[PDB]
């Protein structure tokens, strides 16, 4: 390690938001072992990736072009405008034509490429132009394909700098210690020790209740019922203090297959006034305020059916993820495990029927896994694959076969599930995992995947003491292979977000909440912003939620502090790309304090719902705008241009006090349209966007909102916002919306009938991916939201998608829900006083 291999680690630390060489919060060397274990996968992907295709990161998809985009192509004829310097000429191209093919038909000096104007997006590679996402983007929104002809970026810029016993298990509980304990009166306290494995407690022992003081000693040997050999890899020694106050975990089998042995002083997590933070093997960094517990360990290892029963098994196999397996169910699944293995959909249930507390069985289970023919050959089922990666599975072998199926995902799809896959790292017993390496692998192989991997990881590192260490080692592994070029981009990005966040917080503190703003405030803002720009704001930076865009200089005149109780910064940038065809600013809202992780997840689920609707050839017109969570209750938002709140459109009127009126939405659309045809396209867009947001919002159970949290574009696109919070209504189908549909209380119409028809199609279309939706929702709650009910809410999703009903009831169930919105009118809306 030279002197210029040390000022590098300082650079990595500031890019991560955490120091991965800090060994202050460890009781073993797993984190360091994982840093070294990741060197091989890092260099293995860095060495097998094509410098040229990696430098341009073509965004492609292998899915068939949807019907709704085909009808936009009446001809077979796609137009592509090309520019040099000033002038330009248009060309008629076949949807099947390659970048190479279109190139030869333009010439009709052979090393030029097609970049998108204003963007860092490239139409390169041996793929039909119809198979480029940018092209597909243009076709939908009625935009025109514009490209500039320039030279491929130098792959040298991506260069990477060089590198270099039948005994029963027992634990002695020495005691628990805490510097300060007060509140109130005086209770009794005991230590609870669980032996866990995939949310299955295998055995459980308590101590005797002792008076609660700042030091409580026991010196007690807890002898469990599970033999040492019967301990499975990944099993956790879960220690908890009740009066439930504190918890902390200790992997019983370490990362070297060694039985944990010796003395340990663990600082515990407190419970804040079920959730994935309770599974972490990390100890509390805060050594001066946290409860600690002292233990001792001294005890290497892993060294044909009657028709009626089949019907039962099939019934079992047929149930939803959330349907609890009975003792009866589990014994049946196990006993018929070779038959159960022929059904990929039974795997989660089958591996949950396994008694992991017994060696002979785990072994038989591993035998089961070596005869993995059906699973290997099955088509990739993301939902099936995600279930095996949640909190219910700690066996690395079971989990490895899910990550196996993930290997066959193309980058398009990896981008779809990147966020929840990154969150899925929390369910891994160990820091080094096939899932972790997968992320690392795909992230180094593709710049777009790498870019988002960076922010998703950096997001968690900034606001999760429970999992920041693990994520920090992983991010470091990525940053040591992404290349000098992106190391520079990220640097630029991190520089800018941190500076603006100081400014966002310094402005919020200056102004008292409610009055509002507030003139000095607007002046000081422009001043801080003047200070940052000369100097030094990075001259240009990638928009984190849209790596293609490079924001440039601020437009300080358009920048302001918004009129909300939380003082969000409204920032506007100039596009740093000169070749851009538009003169629009890049709009960004910087805001504390919403928990924008909830917004990130929800939004991503929305994007998943779109891809689901794309499979059935549907377009419900969603606007899953850009949103990155950057720290604790703080992040950035994309500003959708010319969009207003529904509530702002009602208060175009004198009355105030939420005296809402029915006709306005349709007028607002009429003013904002130049022609009447565009108005008609806005009405149509509204009917689709409203239908889409009614269905998804109902499924996710975030359908009951105030019209301050629902927005519409001047182009007629409806969409929800502000998810990071959250009599009764299914969703928002307010009378003002219906009026745009040509109804107002108890009537119907050719646009409303359309609305009702599209919802049911959309609704039934999501139910074909029920399992995937359930598992994502369930995961979202565990890793993204405040401590919840590891029953009830997940249970609400079951009901919403009407699990176990025929398609007919569901169509009506949803039609009933539309009517509940009609029967309530403004009631719920008016209440949102």
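Each form is matched to the other, and the largest set of C-alpha atoms that superpose within 1.5 Å is called the rigid core. Residue numbers count along the first chain shown, from 1.
Larger mean CA deviation from the shown form in 8 other deposited structures of this protein [core fit; 248-256 vs 211-219]: Between the two stretches, 211-219 moves farther in 8 other deposited structures of this protein.
Outlying stretch relative to shown form, 345-353 versus 626-634 in 8 other deposited structures of this protein, C-alpha RMS (core): It is 626-634 whose C-alphas lie farther from the shown form in 8 other deposited structures of this protein.
At least a third of other PDB entries omit residue 515: Yes, residue 515 lacks coordinates in at least a third of the other compared entries that model both of its neighbours.
Other entries lacking residue 166, at least a third: Comparison shows residue 166 kept in all of the other entries.
Interresidue gap class [residue 726, residue 727; deposited sequence, unmodelled]: The entry has 10 or more unmodelled residues between residue 726 and residue 727.
Where residue 273 meets residue 274 in the shown sequence, the number of deposited residues left unmodelled: Some 4 to 9 residues are missing between them.
Of 533-541 and 698-706, the one with larger mean CA B-factor: On average, C-alpha B-factors are higher across 533-541.
218-226 versus 434-442 - which carries the larger mean C-alpha B factor in the record: The stretch with the larger average C-alpha B-factor is 218-226.
Identity of residue with top Cα B-factor, from 326, 585, 629, 527: Checking the PDB record, the top C-alpha B-factor among 326, 585, 629, 527 is at 527.
Residue of maximum C-alpha B factor among 491, 689, 110, 294, per deposited coordinates: Across 491, 689, 110, 294, the entry lists the biggest C-alpha B-factor for 110.
Lowest, middle or highest third - CA B-factor, residue 412: Its C-alpha B-factor, which the entry lists for residue 412, ranks in the lowest third among residues of this chain.
Modelled-residue ranking by C-alpha temperature factor, third containing residue 68: Residue 68: CA B-factor falls in the highest third of its chain.
Lowest, middle or highest third - CA B-factor, residue 780: It belongs to the lowest third of the chain when residues are ordered by C-alpha B-factor.
Residue 51, C-alpha B-factor rank within chain (lowest, middle or highest third): Within its chain, residue 51 is a middle-third residue by C-alpha B-factor, going by the deposited values.
Residue 498 CA temperature factor, ranked by third within the chain: Its C-alpha B-factor belongs to the middle third of this chain's values.
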